[PDB]
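Here's the structure we're looking at; comments come further down.
6 protein chains.
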Amino acid sequence: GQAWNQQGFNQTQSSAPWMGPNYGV
Amino acid sequence: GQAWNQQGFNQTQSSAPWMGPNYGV
Amino acid sequence: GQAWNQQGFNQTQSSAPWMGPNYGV
Amino acid sequence: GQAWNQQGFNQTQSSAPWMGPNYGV
Amino acid sequence: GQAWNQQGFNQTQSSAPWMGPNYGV
Amino acid sequence: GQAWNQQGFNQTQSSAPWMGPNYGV
Numbered sequence: 336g337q338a339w340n341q342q343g344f345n346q347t348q349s350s351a352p353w354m355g356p357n358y359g360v
Numbered sequence: 336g337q338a339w340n341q342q343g344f345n346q347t348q349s350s351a352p353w354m355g356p357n358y359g360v
Numbered sequence: 336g337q338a339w340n341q342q343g344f345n346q347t348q349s350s351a352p353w354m355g356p357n358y359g360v
Numbered sequence: 336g337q338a339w340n341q342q343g344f345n346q347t348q349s350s351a352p353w354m355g356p357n358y359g360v
Numbered sequence: 336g337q338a339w340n341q342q343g344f345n346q347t348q349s350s351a352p353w354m355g356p357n358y359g360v
Numbered sequence: 336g337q338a339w340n341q342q343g344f345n346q347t348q349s350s351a352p353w354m355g356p357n358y359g360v
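Residue numbers (the UniProt record's numbering), protein chains in the order written: chain L, 336 to 360; chain R, 336 to 360; chain A, 336 to 360; chain S, 336 to 360; chain Z, 336 to 360; chain F, 336 to 360.
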């Protein structure tokens with residue numbers, strides 16, 4: 336039989352910035 | 336039989352920023 | 336038999352920021 | 336003077352699926 | 336004076352799928 | 336004066352799938 340499929344498309348988005356130890360004197 | 340499907344599309348979005356130990360003297 | 340389906344689409348959104356120990360003297 | 340800033344991070348998430356006119360006879 | 340900045344990071348996520356006119360006889 | 340900057344990082348994600356006119360007889 337006929338069939339139309341669309342699997343997947345799971346779009347994952349990540350963001351992990353970082354600033355190092357700030358010795359601001 | 337005929338069938339039209341759309342599975343998945345689960346879009347997950349994350350954000351984990353970080354600022355290090357701030358010794359601001 | 337005919338069938339039209341739309342499964343998934345569960346969009347999850349997260350945010351976990353962080354500021355480090357602030358020694359602001 | 337010292338300053339630690341984190342501007343933006345406004346994460347917007349959208350989803351606009353569509354199934355066309357279904358003449359399922 | 337000292338300053339630590341993190342601007343932007345606005346992550347936008349979109350999804351606009353489409354299935355055409357389905358004449359499923 | 337000293338300055339630590341992180342500009343941009345605006346990550347945009349898009350998805351525009353398409354299925355053509357389905358004459359499924």
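Backbone N, C-alpha and C define an ideal beta-carbon position, used for all residues, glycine too.
Consult DSSP for residue i and reduce its assignment to one of helix, strand or coil.
i	result
R/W353	coil
S/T347	coil
Excluding the 5 residues flanking residue i on each side, which residues of the same chain have their C-beta closer than 7 angstroms to its C-beta?
i	result
A/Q346	none
residue 313 of chain A	This structure cannot speak to residue 313 of chain A, because chain A is shown only from 336 to 360.
Apart from the five residues just before and just after residue i, which ones in its own chain have a Cβ nearer than 8 angstroms to its Cβ?
i	result
Z/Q348	none
Give the interface partners of residue i over in chain R, defined as CB-CB distance under 8 angstroms, in chain order.
i	result
F/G359	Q337
Closer than 7 angstroms by beta-carbon distance: list the chain Z residues that pair up with residue i, in chain order.
i	result
R/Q348	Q346 and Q348
Between residue i and chain B, is any beta-carbon pair separated by less than 7 angstroms?
i	result
L/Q337	Absence of chain B from the displayed structure is noted, the protein chains being L, R, A, S, Z and F.
Strictly below 8 angstroms CB to CB, what residues from chain S border residue i?
i	result
A/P352	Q341 and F344
So residue i packs on residue j, CB below 8 angstroms; how close in whole Å?
i	j	result
S/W353	Z/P352	7 angstroms
A/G336	R/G336	5 angstroms
Apart from the five residues on each side of it in sequence, which residues of its chain come closer than 6 angstroms, Cβ to Cβ, to residue i?
i	result
R/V360	none
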